[PDB]
Structure formats: C-alpha cells, structure tokens
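Only one chain is given next, in structure tokens, and it is the form deposited without its partner chain.
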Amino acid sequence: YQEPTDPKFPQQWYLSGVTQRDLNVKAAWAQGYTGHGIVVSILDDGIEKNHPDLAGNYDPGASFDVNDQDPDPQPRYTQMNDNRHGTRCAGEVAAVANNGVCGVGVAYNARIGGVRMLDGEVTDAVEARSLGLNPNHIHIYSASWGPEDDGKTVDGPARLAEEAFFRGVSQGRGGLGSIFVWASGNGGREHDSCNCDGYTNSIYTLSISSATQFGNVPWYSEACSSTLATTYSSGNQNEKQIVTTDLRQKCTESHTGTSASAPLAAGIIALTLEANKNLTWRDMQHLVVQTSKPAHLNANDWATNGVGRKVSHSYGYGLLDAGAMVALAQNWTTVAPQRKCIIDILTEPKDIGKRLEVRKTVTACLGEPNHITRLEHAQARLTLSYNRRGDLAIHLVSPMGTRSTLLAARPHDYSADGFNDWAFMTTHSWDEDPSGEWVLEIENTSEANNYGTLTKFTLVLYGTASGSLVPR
C-alpha cells in the first residue's frame, strides 16, 4: 500500500499526520481497508454528484431528492453557495484517491450518495423518508441536523422519524440494522446541552463530538452524556480545519463544526464494516466504546467509569481510532440480543424546590428474560414541572459510582414547560453491572426561588447478560 498522492492530502492533518494527533486512518488503509463494498449516504442539502472528486464513487442508489421529490440530489446553486454542506460532508467520507484532485475520503473506495432534504420545509415526513431511504442498500447514514442550537429548545424526532429509526435498526441492512451516525450539535456558544436534542440523545444514533487540532473542546461543542466518541474538526484561527470537496467542483480547506466530525466518523465506520460486514448496529457502538482513545484530548471532566474506561461529556470515550476499529472488528463475536429492563421508580410525586435526590436500589430484572448484568445505554425518563427549565441541572449516578450529567444548566432556557417523559440518555456506564443503588439528583443552580414537581422517573436499562471483558 502507498499513501495517497492527492495534492491536498498533506493538508488533511487528521489523516496524514505523523505526530499522534490524528484518527489513525493510514493504519487501516495499510491493513487493506478502504471502504470497498460499503455504501454511505449524507442526509443534508444535496450532493454535487458530478464533482471531480466524487463522481467516481457516486451511487444513485444511495441518493434521493426529498425536497423536490425526484431521484437527483444535485444541490440548488445560489450566489451565496448556501447548499454546499452536503458536498463537503460527502468528500470527507469518500472523496476519490490518487486522482490529482483535492484530498481523499476516509473511505476513499466506498460508494457515496446524498439525500437532498434540508433545502425546503423539513417536516417529520421529510426526515422519515430520508432516514428510511433504500435501507437494504445504504449501510451507513450521516446527519448533523436536529432542533435549533439556541440553548433553549427541547425537541427530537416526531412519530414518523422515530418509526424510521426503529425500522432502520431492526430490519435495515438485512436485519443487522442501519448505522445512523450523528453530530452532537453546534450550540456551544449558547451553552446548549445536547441531551435536549432527541436525535443525538437517541440510542439508535452513534453520536460524535469534535476536538480541535491542539486537542481542546471547540467553542461550538455541546457536552452531554449521550455522546459516544470524537473526531477532529475546526477550532481557533491558528488551528487547521477540514479539507474536502466543495460546491462548484472546488476544494475547501475551511470546513468546520461538529457537522464536519460526523462524516469522518461515518468513514471510519465504513472501513470497520468492510473489515466485518456482519456487525450489527449495536456491535458498532461496542467497537467504538472499546477502541476510542482519550489521550491528549483536554477536558476537566474526564472520569473513570465502573469498568475502568475514561469518559468525558465533551468527548464520550475519546477520539476514534480507525486502525484499532478495523483490527477489533475482524474477529468480533456478535453481541447477544438486546434486553430492556423497565423500572418505574417513584411511588409518589416529589417536590423539587432547591434540590431533590431520589435513591433507588434495583435488581435489573433479576430472574427475568430481560435481566441485565452488562449495561449498554441507560435512560432516566423524566416527567417534571418547573418554572424556569434552564436553571435545572440533573445528574444520574450508577451503582458503580459513575456520575452522568443528564442536563447541565442552560441560561437561555426560560421555558415553563418542563420535561414530558424526556428520555435523558447516558453511554457512560456501558458494560457496567446496573444492579444496586441508582441516584438521581435534580438541583436549582440559580439563587432564584424556583419551584416544581417530579411526577415520573422511569429507569430504562438496555444491555445483555453475557460476554464481559475484564475491566480496563
């Protein structure tokens, strides 16, 4: 194997780096994995299918125009070049290699399509028809859209889009499950907290945050417990950015934000799926948990969980490591079927006031077919009233002592509407035994005399009862 000769490949520091601050993609390429046979689709504003660095890998079967209801996802050209984003994301995954044009994709022999679905009124039906496009042909979907990143919205998929997620992971990809790769948000400046985004907060999406070139948390990042891992993206003006295909058959060195991180992850997942085409949607999340790397990512909240893995709310389990992903995939044993243990916690409503703590010792469905000794995702599904939602901070502590932030204070969230069975999700107790005492903390972070009531707390545990590794 010879590394790409493309003119901008040297500028793709997050791939071609020689200084341990990269995604370790060359190591996967050298193992023989480049994305051959894998199909990725970018759900965004369209794809310039005739781009000189995309045409060779373009797949009409991975593509559709939901906004105009036709097969052709070509972007709408405007003098502001508004509809360039999907083309930029597509090139991150699968720009052609060794062709004298721009740089390369992470999975530069994968097939790449795009769904034109953001350039219009984005309804529940539009989202559902995009997520559910050709699910026995497309393996991996990449998306970075969702509710406004204003730091005051709580919203997620409505009914059709949620049904698309459950159909995708259940029957998609021959029953192995569609892999939905998602950006965790861009609301950092607004102090947004990304479990309030039901798309990234879903267990069915493999959620990705960003790190800057120097290993820091970028200005736009949102912290939350639902994030799984990290890829490099943009930062300050001394830090390099993402280099990829641009609208009008050009090449950009200034692709930015968490929306540039999700496509890089989708490309790494494509290499991993080439290494083992039988991986399920849950297998893929397990591989990410086991192989991602905290080293040299700076955050003040790195904490060791119950099985010895370091986790951060900014970074999840750390930076994706493509070489490690493809190596571990090859002989991976399929995880056992997913169990779900439902524990209704409260016997009476609880006044929140200044601070509320709810402690409950659980057996995690001991003696039942849904007995879980090996956690994957956990949710605290909360229904509560409060007079100013953004003054609340919410934490959940597992029996092993792992403190997951379910909600950080959001200064712009003045809503009086509370949470209506909102399923705050954490990945930070993955592989822990969930038997024992769980603790829910709700606190008023302001000096104001705020008031409200917690009326429902359902602890929902997902996972299995076999196959644990020795703790890290």
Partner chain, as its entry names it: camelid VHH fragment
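Residue numbers count along the first chain shown, from 1.
The same protein also has a form solved in complex with its partner chain, omitted here; what follows describes it.
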In the deposited bound form, which of the listed residues (384, 284, 372, 271) lies with a heavy atom within 4.5 Å of its partner chain? 384
Hey, in the deposited bound form, does residue 447 get a heavy atom within 4.5 angstroms of its partner chain? no
Is residue 419 close enough to touch its partner chain in the deposited bound form, meaning at least one heavy atom pair within 4.5 Å? yes
Does its partner chain come within 4.5 Å of any heavy atom of residue 458 in the deposited bound form? no
Just to confirm, residue 174 within 4.5 Å of its partner chain in the deposited bound form by heavy atoms? no
Option from 320-328, 245-253, 345-353, 271-279 whose residues, in the deposited bound form, bring a heavy atom within 4.5 Å of its partner chain: 345-353
